[PDB]
>>> print(open('query-v2.cif').read())   # mmCIF, C-alpha atoms (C1' of nucleotides) and all ligand atoms
data_structure
loop_
_atom_site.label_atom_id
_atom_site.label_comp_id
_atom_site.auth_asym_id
_atom_site.auth_seq_id
_atom_site.Cartn_x
_atom_site.Cartn_y
_atom_site.Cartn_z
CA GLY A 395 0.00 0.00 0.00
CA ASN A 396 3.00 2.19 -0.22
CA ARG A 397 3.14 2.80 3.50
CA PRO A 398 6.52 3.83 4.82
CA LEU A 399 7.72 1.43 7.48
CA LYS A 400 8.37 2.10 11.16
CA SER A 401 12.03 1.80 12.06
CA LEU A 402 13.66 2.16 15.46
CA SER A 403 14.03 5.93 15.22
CA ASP A 404 10.30 6.23 14.53
CA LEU A 405 9.55 4.55 17.86
CA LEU A 406 10.80 7.63 19.70
CA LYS A 407 10.36 10.65 17.46
CA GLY A 408 7.32 12.86 17.36
CA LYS A 409 4.03 12.60 19.16
CA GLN A 410 3.71 8.84 18.62
CA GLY A 411 7.07 7.83 20.10
CA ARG A 412 7.40 6.16 23.47
CA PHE A 413 8.01 9.48 25.22
CA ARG A 414 4.91 11.54 24.53
CA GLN A 415 2.52 8.59 24.08
CA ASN A 416 3.38 5.89 26.60
CA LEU A 417 5.99 7.20 29.02
CA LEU A 418 4.21 10.32 30.20
CA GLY A 419 0.52 9.75 29.54
CA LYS A 420 -0.93 6.34 30.26
CA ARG A 421 -4.33 4.76 30.21
CA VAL A 422 -5.18 3.98 33.81
CA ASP A 423 -7.33 1.41 35.51
CA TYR A 424 -9.93 2.26 38.16
CA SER A 425 -11.38 4.90 35.89
CA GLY A 426 -14.47 6.02 34.07
CA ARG A 427 -16.19 8.88 32.32
CA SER A 428 -19.71 10.18 31.74
CA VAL A 429 -21.55 13.30 30.68
CA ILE A 430 -22.13 15.97 33.32
CA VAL A 431 -25.20 17.81 34.60
CA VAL A 432 -25.69 20.61 37.10
CA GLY A 433 -26.09 19.67 40.74
CA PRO A 434 -27.50 22.68 42.60
CA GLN A 435 -28.43 20.81 45.80
CA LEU A 436 -24.97 19.39 46.42
CA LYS A 437 -22.54 20.65 48.99
CA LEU A 438 -19.29 22.14 47.76
CA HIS A 439 -17.20 19.09 48.66
CA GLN A 440 -19.82 16.61 47.43
CA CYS A 441 -20.47 15.49 43.88
CA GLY A 442 -22.81 13.27 41.99
CA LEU A 443 -21.88 9.80 40.89
CA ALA B 1043 -16.20 2.42 33.70
CA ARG B 1044 -13.25 0.11 34.21
CA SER B 1045 -11.75 -1.52 37.28
CA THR B 1046 -9.59 -4.12 35.52
CA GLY B 1047 -10.09 -5.16 31.92
CA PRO B 1048 -8.23 -5.98 28.72
CA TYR B 1049 -4.59 -5.01 28.27
CA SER B 1050 -2.53 -3.77 25.35
CA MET B 1051 -0.04 -6.06 23.68
CA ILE B 1052 3.47 -4.65 23.25
CA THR B 1053 3.32 -2.16 26.05
CA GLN B 1054 1.24 -3.26 29.01
CA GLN B 1055 -1.07 -0.31 29.44
CA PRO B 1056 -4.81 -0.71 29.70
CA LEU B 1057 -6.52 -0.61 26.36
CA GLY B 1058 -8.60 2.17 24.83
CA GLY B 1059 -12.18 3.07 24.06
CA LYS B 1060 -15.72 2.10 25.00
CA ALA B 1061 -15.66 -0.81 22.54
CA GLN B 1062 -13.19 -2.44 24.91
CA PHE B 1063 -13.10 -1.34 28.50
CA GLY B 1064 -10.04 0.88 28.49
CA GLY B 1065 -9.19 3.69 30.82
CA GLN B 1066 -9.09 7.43 30.27
CA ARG B 1067 -5.76 8.84 29.19
CA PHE B 1068 -4.20 10.44 32.23
CA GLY B 1069 -2.21 12.56 29.84
CA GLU B 1070 0.66 14.98 30.15
CA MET B 1071 -1.27 18.09 31.19
CA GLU B 1072 -2.91 16.19 34.02
CA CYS B 1073 0.51 15.03 35.16
CA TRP B 1074 1.44 18.72 35.25
CA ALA B 1075 -1.68 19.50 37.27
CA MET B 1076 -0.94 16.90 39.89
CA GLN B 1077 2.68 17.96 40.03
CA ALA B 1078 1.49 21.51 40.62
CA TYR B 1079 -0.62 20.36 43.53
CA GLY B 1080 2.39 18.44 44.76
CA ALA B 1081 0.53 15.15 44.98
CA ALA B 1082 3.45 12.82 44.49
CA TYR B 1083 2.01 9.54 45.74
CA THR B 1084 -1.08 9.71 43.53
CA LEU B 1085 1.12 10.40 40.52
CA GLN B 1086 3.23 7.36 41.42
CA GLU B 1087 0.01 5.35 41.76
CA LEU B 1088 -1.49 6.44 38.44
CA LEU B 1089 1.74 5.87 36.54
CA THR B 1090 2.92 2.59 38.07
CA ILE B 1091 0.38 0.34 39.73
CA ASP C 441 -3.41 -9.59 25.29
CA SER C 442 -5.38 -12.79 25.84
CA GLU C 443 -2.48 -14.46 27.66
CA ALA C 444 -1.96 -11.68 30.20
CA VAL C 445 -2.66 -12.28 33.87
CA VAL C 446 -6.39 -11.75 34.30
CA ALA C 447 -5.82 -10.41 37.88
CA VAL C 448 -9.06 -11.88 39.23
CA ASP C 449 -8.39 -15.56 38.53
CA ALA C 450 -5.04 -15.15 40.30
CA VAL C 451 -6.63 -13.95 43.53
CA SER C 452 -9.36 -16.56 43.09
CA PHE C 453 -6.64 -19.19 42.76
CA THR C 454 -4.86 -17.97 45.88
CA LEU C 455 -8.15 -18.07 47.79
CA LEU C 456 -8.71 -21.56 46.37
CA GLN C 457 -5.35 -22.64 47.76
CA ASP C 458 -6.05 -21.15 51.19
CA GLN C 459 -9.51 -22.71 51.48
CA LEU C 460 -8.23 -26.01 50.10
CA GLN C 461 -5.42 -26.20 52.66
CA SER C 462 -7.98 -25.45 55.38
CA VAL C 463 -10.32 -28.23 54.23
CA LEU C 464 -7.43 -30.66 53.92
CA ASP C 465 -6.36 -29.68 57.42
CA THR C 466 -9.83 -30.56 58.71
CA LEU C 467 -8.90 -34.25 58.32
CA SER C 468 -6.19 -36.24 60.05
CA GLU C 469 -2.54 -36.14 59.13
CA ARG C 470 -1.88 -39.40 57.27
CA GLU C 471 -4.96 -38.70 55.16
CA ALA C 472 -3.92 -35.20 54.14
CA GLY C 473 -0.37 -36.36 53.51
CA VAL C 474 -1.68 -39.07 51.19
CA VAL C 475 -3.84 -36.55 49.33
CA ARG C 476 -1.05 -33.98 48.99
CA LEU C 477 1.40 -36.56 47.71
CA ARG C 478 -1.17 -38.18 45.44
CA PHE C 479 -2.02 -34.87 43.78
CA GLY C 480 1.34 -33.10 44.03
CA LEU C 481 0.18 -30.19 46.22
CA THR C 482 3.52 -29.89 48.02
CA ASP C 483 6.07 -29.70 45.19
CA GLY C 484 4.24 -30.06 41.89
CA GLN C 485 5.56 -33.60 41.52
CA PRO C 486 2.65 -36.06 41.49
CA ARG C 487 3.72 -39.00 43.63
CA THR C 488 2.03 -42.30 42.89
CA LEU C 489 0.95 -45.19 45.07
CA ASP C 490 4.26 -47.01 45.39
CA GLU C 491 6.22 -43.87 46.30
CA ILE C 492 3.61 -42.94 48.89
CA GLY C 493 3.59 -46.44 50.36
CA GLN C 494 7.38 -46.35 50.38
CA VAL C 495 7.65 -42.99 52.14
CA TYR C 496 5.08 -44.17 54.69
CA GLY C 497 6.42 -47.73 54.83
CA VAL C 498 3.22 -49.62 53.97
CA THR C 499 1.76 -51.48 51.01
CA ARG C 500 0.18 -49.76 48.03
CA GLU C 501 -3.22 -51.37 48.62
CA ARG C 502 -3.32 -49.68 52.02
CA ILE C 503 -2.55 -46.39 50.26
CA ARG C 504 -5.38 -46.98 47.80
CA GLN C 505 -7.74 -47.82 50.67
CA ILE C 506 -6.84 -44.58 52.44
CA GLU C 507 -7.19 -42.72 49.13
CA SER C 508 -10.67 -44.12 48.50
CA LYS C 509 -11.75 -43.49 52.09
CA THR C 510 -10.64 -39.86 52.06
CA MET C 511 -12.06 -39.16 48.61
CA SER C 512 -15.31 -40.58 49.95
CA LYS C 513 -14.99 -38.22 52.92
CA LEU C 514 -14.45 -35.22 50.66
CA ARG C 515 -17.50 -35.92 48.51
CA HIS C 516 -19.59 -35.44 51.63
CA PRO C 517 -21.08 -31.96 51.15
CA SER C 518 -19.96 -30.59 54.52
CA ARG C 519 -16.41 -30.77 53.20
CA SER C 520 -17.59 -29.62 49.78
CA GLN C 521 -19.91 -26.61 49.98
CA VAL C 522 -16.92 -24.28 50.35
CA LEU C 523 -15.34 -25.79 47.23
CA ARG C 524 -18.40 -26.22 45.01
CA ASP C 525 -18.32 -22.57 43.93
CA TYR C 526 -14.74 -22.97 42.64
CA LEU C 527 -15.76 -24.45 39.28
CA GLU D 493 -15.65 8.99 52.87
CA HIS D 494 -13.57 7.89 49.92
CA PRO D 495 -12.83 10.67 47.43
CA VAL D 496 -12.56 10.52 43.65
CA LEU D 497 -10.89 12.78 41.13
CA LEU D 498 -12.68 14.68 38.36
CA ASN D 499 -10.49 15.38 35.36
CA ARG D 500 -11.81 17.48 32.50
CA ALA D 501 -9.82 17.51 29.30
CA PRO D 502 -8.30 19.87 28.26
CA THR D 503 -6.71 20.43 31.67
CA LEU D 504 -5.52 23.97 31.13
CA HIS D 505 -4.48 24.80 34.68
CA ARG D 506 -4.05 23.32 38.14
CA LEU D 507 -7.73 23.17 39.08
CA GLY D 508 -8.68 20.79 36.30
CA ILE D 509 -8.33 17.92 38.77
CA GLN D 510 -10.17 18.22 42.05
CA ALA D 511 -11.20 15.68 44.67
CA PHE D 512 -14.84 15.40 45.66
CA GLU D 513 -16.61 13.17 48.07
CA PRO D 514 -18.92 11.04 45.92
CA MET D 515 -22.54 10.30 46.62
CA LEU D 516 -25.01 8.08 44.82
CA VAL D 517 -27.32 9.62 42.24
CA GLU D 518 -30.21 8.16 40.27
CA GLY D 519 -29.43 8.24 36.59
CA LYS D 520 -26.32 7.86 34.51
CA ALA D 521 -24.90 11.40 34.37
CA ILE D 522 -22.30 12.73 36.80
CA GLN D 523 -23.77 15.55 38.84
CA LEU D 524 -21.25 18.34 39.20
CA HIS D 525 -21.62 21.14 41.71
CA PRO D 526 -22.18 24.43 39.87
CA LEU D 527 -19.51 26.51 41.59
CA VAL D 528 -16.63 24.63 39.98
CA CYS D 529 -17.78 25.37 36.44
CA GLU D 530 -15.49 28.39 36.37
CA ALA D 531 -12.42 26.37 37.31
CA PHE D 532 -13.26 23.45 35.03
CA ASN D 533 -14.32 25.83 32.22
CA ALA D 534 -17.33 23.57 31.95
CA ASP D 535 -20.60 24.67 30.48
CA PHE D 536 -23.27 21.99 30.23
CA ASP D 537 -23.40 21.75 26.45
CA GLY D 538 -22.49 18.06 26.68
CA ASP D 539 -19.10 18.16 28.36
CA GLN D 540 -17.70 14.97 29.82
CA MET D 541 -15.53 14.41 32.87
"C1'" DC E 1 49.48 36.72 -13.26
"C1'" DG E 2 45.97 33.65 -10.33
"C1'" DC E 3 44.31 33.98 -5.05
"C1'" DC E 4 40.32 34.21 -0.61
"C1'" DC E 5 37.37 35.71 1.81
"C1'" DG E 6 32.61 38.62 3.71
"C1'" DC E 7 27.26 38.69 2.86
"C1'" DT E 8 23.34 36.14 0.26
"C1'" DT E 9 20.65 32.61 -0.87
"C1'" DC E 10 19.24 27.83 -1.01
"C1'" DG E 11 18.14 24.01 1.29
"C1'" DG E 12 16.96 21.13 5.10
"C1'" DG E 13 15.23 19.27 9.67
"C1'" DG E 14 11.42 20.19 13.57
"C1'" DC E 15 6.92 21.52 15.07
"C1'" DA E 16 2.53 22.85 14.93
"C1'" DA E 17 -3.67 20.25 21.75
"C1'" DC E 18 -6.54 17.98 23.83
"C1'" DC E 19 -10.74 14.20 25.49
"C1'" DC E 20 -13.61 9.95 22.45
"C1'" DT E 21 -13.94 7.17 17.64
"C1'" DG E 22 -12.32 3.78 15.08
"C1'" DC E 23 -10.60 -2.45 14.18
"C1'" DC E 24 -7.94 -6.94 9.30
"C1'" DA E 25 -3.81 -3.42 3.18
"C1'" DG E 26 -0.83 -7.30 -3.60
"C1'" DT E 27 0.74 -10.92 -7.88
"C1'" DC E 28 2.79 -15.46 -13.09
"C1'" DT E 29 6.87 -20.46 -18.60
"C1'" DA E 30 6.97 -25.06 -15.17
"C1'" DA E 31 7.88 -28.39 -13.89
"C1'" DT E 32 10.93 -33.43 -13.31
"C1'" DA E 33 14.51 -36.27 -10.51
"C1'" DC E 34 16.49 -37.82 -6.32
"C1'" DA E 35 17.80 -38.02 -1.80
"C1'" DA E 36 17.67 -36.91 3.36
"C1'" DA E 37 14.62 -36.19 6.74
"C1'" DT E 38 10.46 -36.71 9.08
"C1'" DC E 39 6.50 -38.67 10.43
"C1'" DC E 40 2.86 -42.00 11.30
"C1'" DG E 41 0.74 -46.63 11.73
"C1'" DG E 42 1.07 -51.17 13.36
"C1'" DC E 43 2.75 -55.07 16.42
"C1'" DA E 44 5.90 -56.19 20.34
"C1'" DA E 45 9.23 -56.15 24.32
"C1'" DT E 46 7.35 -54.89 28.45
"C1'" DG E 47 6.87 -53.81 33.77
"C1'" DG E 48 4.71 -50.33 36.37
"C1'" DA E 49 0.61 -48.66 37.91
"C1'" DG E 50 -3.69 -49.53 39.30
"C1'" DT E 51 -7.62 -52.79 40.99
"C1'" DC E 52 -10.06 -56.51 43.29
"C1'" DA E 53 -10.74 -60.60 46.43
"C1'" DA E 54 -9.55 -62.60 50.29
"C1'" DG E 55 -7.92 -62.96 54.57
"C1'" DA E 56 -5.23 -62.40 58.87
"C1'" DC E 57 -5.10 -59.40 62.19
"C1'" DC E 58 -6.06 -56.64 66.11
"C1'" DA E 59 -8.51 -54.48 70.09
"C1'" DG E 60 -12.32 -52.14 71.35
"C1'" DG E 61 -17.90 -51.13 71.92
"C1'" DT E 62 -22.27 -54.73 72.51
"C1'" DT E 63 -24.53 -58.48 74.72
"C1'" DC E 64 -25.19 -63.18 77.70
"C1'" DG E 65 -23.66 -66.21 82.20
"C1'" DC F 1 -16.05 -60.54 86.97
"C1'" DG F 2 -15.92 -63.20 82.94
"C1'" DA F 3 -17.48 -65.12 78.06
"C1'" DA F 4 -18.45 -64.48 73.74
"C1'" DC F 5 -19.53 -61.20 70.06
"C1'" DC F 6 -19.19 -58.21 65.99
"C1'" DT F 7 -17.32 -54.61 64.36
"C1'" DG F 8 -14.07 -49.93 64.26
"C1'" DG F 9 -10.62 -50.27 61.07
"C1'" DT F 10 -5.11 -51.73 59.80
"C1'" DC F 11 -2.43 -53.98 56.98
"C1'" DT F 12 -0.94 -57.30 53.91
"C1'" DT F 13 -0.86 -60.82 49.94
"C1'" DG F 14 -1.65 -62.50 45.82
"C1'" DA F 15 -3.74 -62.61 41.52
"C1'" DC F 16 -5.31 -60.06 37.50
"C1'" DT F 17 -5.87 -56.01 34.14
"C1'" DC F 18 -4.55 -52.19 31.83
"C1'" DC F 19 -1.72 -49.22 29.96
"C1'" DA F 20 2.05 -46.41 28.70
"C1'" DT F 21 6.63 -46.56 26.46
"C1'" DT F 22 9.98 -47.55 23.67
"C1'" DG F 23 11.50 -50.33 19.62
"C1'" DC F 24 11.66 -51.65 15.28
"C1'" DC F 25 10.14 -51.21 10.74
"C1'" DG F 26 8.12 -49.98 6.64
"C1'" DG F 27 5.54 -46.80 3.82
"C1'" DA F 28 3.97 -41.78 3.15
"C1'" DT F 29 5.06 -37.14 2.93
"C1'" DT F 30 7.93 -33.42 3.22
"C1'" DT F 31 11.80 -30.44 2.32
"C1'" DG F 32 16.00 -29.46 0.09
"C1'" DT F 33 18.89 -29.44 -4.16
"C1'" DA F 34 19.94 -29.82 -8.98
"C1'" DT F 35 18.74 -29.16 -13.84
"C1'" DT F 36 16.53 -27.79 -17.96
"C1'" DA F 37 20.90 -25.31 -24.86
"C1'" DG F 38 17.63 -20.84 -30.37
"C1'" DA F 39 18.11 -15.53 -28.46
"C1'" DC F 40 16.74 -12.83 -25.51
"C1'" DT F 41 21.75 -7.66 -22.56
"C1'" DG F 42 21.31 -0.95 -18.73
"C1'" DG F 43 14.22 -0.10 -14.10
"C1'" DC F 44 9.49 2.56 -14.08
"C1'" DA F 45 7.23 7.44 -13.50
"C1'" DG F 46 5.96 8.87 -9.98
"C1'" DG F 47 4.46 13.15 -7.12
"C1'" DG F 48 3.69 18.23 -5.51
"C1'" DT F 49 1.51 23.16 -3.56
"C1'" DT F 50 2.11 25.64 4.94
"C1'" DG F 51 4.41 28.48 7.44
"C1'" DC F 52 7.91 29.66 10.38
"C1'" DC F 53 12.61 29.10 12.43
"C1'" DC F 54 17.47 27.99 12.88
"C1'" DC F 55 21.43 26.71 10.78
"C1'" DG F 56 24.64 25.11 7.70
"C1'" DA F 57 26.25 25.02 2.64
"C1'" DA F 58 27.35 26.91 -1.90
"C1'" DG F 59 28.31 31.07 -4.41
"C1'" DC F 60 29.18 35.70 -6.00
"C1'" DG F 61 31.29 40.28 -5.55
"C1'" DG F 62 35.25 42.17 -3.45
"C1'" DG F 63 39.91 43.06 -3.00
"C1'" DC F 64 45.04 41.16 -2.96
"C1'" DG F 65 50.54 38.36 -3.18
MG MG G 1 -18.66 22.55 26.84
#
>>> encode(input="query-v2.cif", output="structure tokens")
Amino acid sequence: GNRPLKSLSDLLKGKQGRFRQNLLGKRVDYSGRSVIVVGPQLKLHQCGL
Amino acid sequence: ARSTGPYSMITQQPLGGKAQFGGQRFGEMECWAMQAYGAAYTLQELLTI
Amino acid sequence: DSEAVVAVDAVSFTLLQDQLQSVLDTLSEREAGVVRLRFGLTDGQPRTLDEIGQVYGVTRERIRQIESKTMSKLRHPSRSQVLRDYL
Amino acid sequence: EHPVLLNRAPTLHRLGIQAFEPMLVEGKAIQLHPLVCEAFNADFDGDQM
DNA sequence: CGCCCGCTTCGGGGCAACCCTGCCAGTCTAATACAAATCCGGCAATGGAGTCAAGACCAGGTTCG
DNA sequence: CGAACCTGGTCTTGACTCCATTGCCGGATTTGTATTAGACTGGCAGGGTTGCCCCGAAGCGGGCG
């Protein structure tokens, strides 16, 4: 498909190297996301879940 | 949500996206935020275990 | 990575080992020694009837009698309800 | 009494991650207290945390 | 005479945000000939490993004199 | 107070069965290697347009032993 290959130098350079992609910012366990809504009866230190 | 799920192949991070379980990318700017608080133990948690 | 450590079967396996050693300690000592040597629970080497009768100094038919008696004891559900959920 | 963190990408500054005491809420959307919208830069147009 | 160096331009690598969300890419002379290796299928030496039947053997809980 | 019992196993003994485990041994298949005599004699072939920045290279006008 005429795709240039990925050598050893391309494992470190740029945004997709090991540094910016897997050394500093990792996917973490014990995690989750959702959409947010306003909670006007909560206390300041409380939150919905 | 994800407590413990599938894992990536070459590196051993948790995987990505709602199609799998995956975690949310605790990326570089969030590492800066928790450095700026000074929370060192939670950063060690989220990047090692 | 479908060969990675699943991290819940490992702790289930450790709890299996703890509960299994407890249930095997509910019996007497010759019995549990025969079971552990017959199924290799002490080194991973499955000893057979002649080695067990040699290390206890009896005949292999006595070992098979003790084996059948204990495996009849274990199939009683009082020694089995805590292990039934582990399949 | 077991706090959780609430990231919001993009984490521009230090208050993008805060720690709230959770409480259980009917529904499937995270209820955020309204007085941290200014720190999170979070309107309720469909933002996710 | 040919000799060398100060500005100019040409080129060349590096970088340009961040959450989710996705999921599997191409093409022709053609066969023989032989030998080592490998493998697999079937009896054939087992003796070890298990299994049963039978009994001898106690020494203690159950009943009669 | 003793007799006799029958029963908790405890252990052994011998006889029998089954079954793995090499061991040849021969055929099937699998993989490697060699060999084909008319003549044939220097590639396709594609993309590529951002912008900015820093720096290093090649060159041209300027003077000079
Ligand atoms: Mg918004």
>>> residues_around(input="query-v2.cif", residues="residue 1071 in chain B", least_positions_apart="3", cutoff="10 Å", atoms="all atoms listed in the file", output="list in words")
residues 418 and 419 of chain A; 1068, 1074, 1075, 1076 and 1077 of chain B; 501, 502, 503, 504, 505, 506 and 508 of chain D; 17 and 18 of chain E
>>> write_last_selection(input="query-v2.cif", atoms="C-alpha atoms (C1' of nucleotides)", output="compact mmCIF listing (two decimals), in the coordinates of the input")
# COMPACT_ATOMS: atom_id res chain seq x y z
CA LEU A 418 4.21 10.32 30.20
CA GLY A 419 0.52 9.75 29.54
CA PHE B 1068 -4.20 10.44 32.23
CA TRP B 1074 1.44 18.72 35.25
CA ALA B 1075 -1.68 19.50 37.27
CA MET B 1076 -0.94 16.90 39.89
CA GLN B 1077 2.68 17.96 40.03
CA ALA D 501 -9.82 17.51 29.30
CA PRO D 502 -8.30 19.87 28.26
CA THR D 503 -6.71 20.43 31.67
CA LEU D 504 -5.52 23.97 31.13
CA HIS D 505 -4.48 24.80 34.68
CA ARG D 506 -4.05 23.32 38.14
CA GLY D 508 -8.68 20.79 36.30
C1' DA E 17 -3.67 20.25 21.75
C1' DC E 18 -6.54 17.98 23.83
>>> residues_around(input="query-v2.cif", residues="range 25-30 of chain F", least_positions_apart="6", cutoff="10 Å", atoms="all atoms listed in the file", output="list in words")
residues 37, 38, 39, 40, 41 and 42 of chain E
>>> residues_near_ligand(input="query-v2.cif", ligand="ligand MG 1 (chain G)", cutoff="12 Å", atoms="all atoms listed in the file", output="ChimeraX atom specification")
/A:429-431 /D:500-502,529-530,532-541 /E:19
>>> atom_distance(input="query-v2.cif", atom1="CA of residue 480 in chain C", atom2="CA of residue 505 in chain C")
18.5 Å
>>> interface_residues(input="query-v2.cif", of="chain B", to="chain A", cutoff="6 Å", atoms="only C-alpha atoms", output="ChimeraX atom specification")
/B:1043-1046,1056,1065-1070
>>> atom_distance(input="query-v2.cif", atom1="CA of residue 459 in chain C", atom2="CA of residue 478 in chain C")
18.6 Å
>>> atom_distance(input="query-v2.cif", atom1="CA of residue 1053 in chain B", atom2="CA of residue 402 in chain A")
15.4 Å
>>> interface_residues(input="query-v2.cif", of="chain E", to="chain A", cutoff="12 Å", atoms="only C-alpha atoms (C1' of nucleotides)", output="list in words")
residues 14, 15, 16, 17, 19, 20, 25 and 26 of chain E
>>> write_last_selection(input="query-v2.cif", atoms="C-alpha atoms (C1' of nucleotides)", output="PDB file, keeping the file's coordinate frame")
ATOM      1  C1'  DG E  14      11.420  20.190  13.570  1.00  0.00           C
ATOM      2  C1'  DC E  15       6.920  21.520  15.070  1.00  0.00           C
ATOM      3  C1'  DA E  16       2.530  22.850  14.930  1.00  0.00           C
ATOM      4  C1'  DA E  17      -3.670  20.250  21.750  1.00  0.00           C
ATOM      5  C1'  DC E  19     -10.740  14.200  25.490  1.00  0.00           C
ATOM      6  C1'  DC E  20     -13.610   9.950  22.450  1.00  0.00           C
ATOM      7  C1'  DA E  25      -3.810  -3.420   3.180  1.00  0.00           C
ATOM      8  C1'  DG E  26      -0.830  -7.300  -3.600  1.00  0.00           C
TER       9       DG E  26
END
>>> closest_atom_pairs(input="query-v2.cif", of="chain C", to="chain E", cutoff="12 Å", atoms="all atoms listed in the file", output="Markdown table")
| residue | atom | partner | partner_atom | distance |
| --- | --- | --- | --- | --- |
| C:487 | CA | E:49 | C1' | 11.6 |
| C:488 | CA | E:49 | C1' | 8.2 |
| C:489 | CA | E:49 | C1' | 8.0 |
| C:490 | CA | E:49 | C1' | 8.5 |
| C:491 | CA | E:49 | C1' | 11.2 |
| C:500 | CA | E:50 | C1' | 9.6 |
| C:501 | CA | E:51 | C1' | 8.9 |
| C:503 | CA | E:50 | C1' | 11.5 |
| C:504 | CA | E:50 | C1' | 9.0 |
| C:505 | CA | E:51 | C1' | 10.9 |
| C:508 | CA | E:51 | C1' | 11.9 |
>>> closest_residue(input="query-v2.cif", among="D:518, D:507, D:523, D:496", to="chain A", atoms="only C-alpha atoms")
D:523
>>> closest_atom_pairs(input="query-v2.cif", of="chain C", to="chain F", cutoff="9 Å", atoms="all atoms listed in the file", output="JSON lines")
{"residue": "C:498", "atom": "CA", "partner": "F:11", "partner_atom": "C1'", "distance": 7.7}
{"residue": "C:499", "atom": "CA", "partner": "F:12", "partner_atom": "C1'", "distance": 7.0}
{"residue": "C:501", "atom": "CA", "partner": "F:12", "partner_atom": "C1'", "distance": 8.3}
{"residue": "C:502", "atom": "CA", "partner": "F:11", "partner_atom": "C1'", "distance": 6.6}
>>> residues_around(input="query-v2.cif", residues="residue 519 in chain C", least_positions_apart="5", cutoff="10 Å", atoms="only C-alpha atoms (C1' of nucleotides)", output="tab-separated table (two decimals) with C-alpha atoms, in the frame of the given file")
chain	number	residue	atom	x	y	z
C	460	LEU	CA	-8.23	-26.01	50.10
C	463	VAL	CA	-10.32	-28.23	54.23
C	464	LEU	CA	-7.43	-30.66	53.92
C	466	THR	CA	-9.83	-30.56	58.71
C	467	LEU	CA	-8.90	-34.25	58.32
C	513	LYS	CA	-14.99	-38.22	52.92
C	514	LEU	CA	-14.45	-35.22	50.66
C	524	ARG	CA	-18.40	-26.22	45.01
>>> residues_around(input="query-v2.cif", residues="residue 30 in chain E", least_positions_apart="2", cutoff="12 Å", atoms="all atoms listed in the file", output="CSV table (one decimal) with C-alpha atoms (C1' of nucleotides), keeping the file's coordinate frame")
chain,number,residue,atom,x,y,z
E,28,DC,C1',2.8,-15.5,-13.1
E,32,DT,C1',10.9,-33.4,-13.3
F,36,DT,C1',16.5,-27.8,-18.0
>>> interface_residues(input="query-v2.cif", of="chain B", to="chain C", cutoff="8 Å", atoms="only C-alpha atoms", output="MDAnalysis selection string")
chainID B and resid 1046:1051
>>> closest_residue(input="query-v2.cif", among="A:403, A:410, A:435, A:440", to="chain D", atoms="all atoms listed in the file")
A:440
>>> build_atoms(input="query-v2.cif", residues="range 423-434 of chain A", atoms="N, CA and C atoms", output="PDB file, keeping the file's coordinate frame")
ATOM      1  N   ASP A 423      -6.206   2.160  34.995  1.00  0.00           N
ATOM      2  CA  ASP A 423      -7.330   1.410  35.510  1.00  0.00           C
ATOM      3  C   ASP A 423      -8.006   2.215  36.602  1.00  0.00           C
ATOM      4  N   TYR A 424      -9.089   1.652  37.138  1.00  0.00           N
ATOM      5  CA  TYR A 424      -9.930   2.260  38.160  1.00  0.00           C
ATOM      6  C   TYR A 424     -10.390   3.649  37.721  1.00  0.00           C
ATOM      7  N   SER A 425     -11.085   3.668  36.594  1.00  0.00           N
ATOM      8  CA  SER A 425     -11.380   4.900  35.890  1.00  0.00           C
ATOM      9  C   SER A 425     -12.738   4.811  35.220  1.00  0.00           C
ATOM     10  N   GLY A 426     -13.208   5.959  34.766  1.00  0.00           N
ATOM     11  CA  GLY A 426     -14.470   6.020  34.070  1.00  0.00           C
ATOM     12  C   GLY A 426     -14.788   7.445  33.691  1.00  0.00           C
ATOM     13  N   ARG A 427     -15.691   7.578  32.722  1.00  0.00           N
ATOM     14  CA  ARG A 427     -16.190   8.880  32.320  1.00  0.00           C
ATOM     15  C   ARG A 427     -17.692   8.822  32.097  1.00  0.00           C
ATOM     16  N   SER A 428     -18.297  10.004  32.050  1.00  0.00           N
ATOM     17  CA  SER A 428     -19.710  10.180  31.740  1.00  0.00           C
ATOM     18  C   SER A 428     -19.932  11.630  31.358  1.00  0.00           C
ATOM     19  N   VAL A 429     -21.148  11.942  31.000  1.00  0.00           N
ATOM     20  CA  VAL A 429     -21.550  13.300  30.680  1.00  0.00           C
ATOM     21  C   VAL A 429     -21.948  13.976  31.985  1.00  0.00           C
ATOM     22  N   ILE A 430     -21.870  15.302  32.063  1.00  0.00           N
ATOM     23  CA  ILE A 430     -22.130  15.970  33.320  1.00  0.00           C
ATOM     24  C   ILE A 430     -23.402  16.801  33.243  1.00  0.00           C
ATOM     25  N   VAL A 431     -23.994  17.026  34.417  1.00  0.00           N
ATOM     26  CA  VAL A 431     -25.200  17.810  34.600  1.00  0.00           C
ATOM     27  C   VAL A 431     -25.016  18.644  35.856  1.00  0.00           C
ATOM     28  N   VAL A 432     -25.851  19.655  36.009  1.00  0.00           N
ATOM     29  CA  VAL A 432     -25.690  20.610  37.100  1.00  0.00           C
ATOM     30  C   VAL A 432     -26.342  20.057  38.358  1.00  0.00           C
ATOM     31  N   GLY A 433     -25.716  20.306  39.499  1.00  0.00           N
ATOM     32  CA  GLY A 433     -26.090  19.670  40.740  1.00  0.00           C
ATOM     33  C   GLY A 433     -26.483  20.580  41.886  1.00  0.00           C
ATOM     34  N   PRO A 434     -27.387  21.541  41.674  1.00  0.00           N
ATOM     35  CA  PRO A 434     -27.500  22.680  42.600  1.00  0.00           C
ATOM     36  C   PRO A 434     -27.944  22.408  44.031  1.00  0.00           C
TER      37      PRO A 434
END
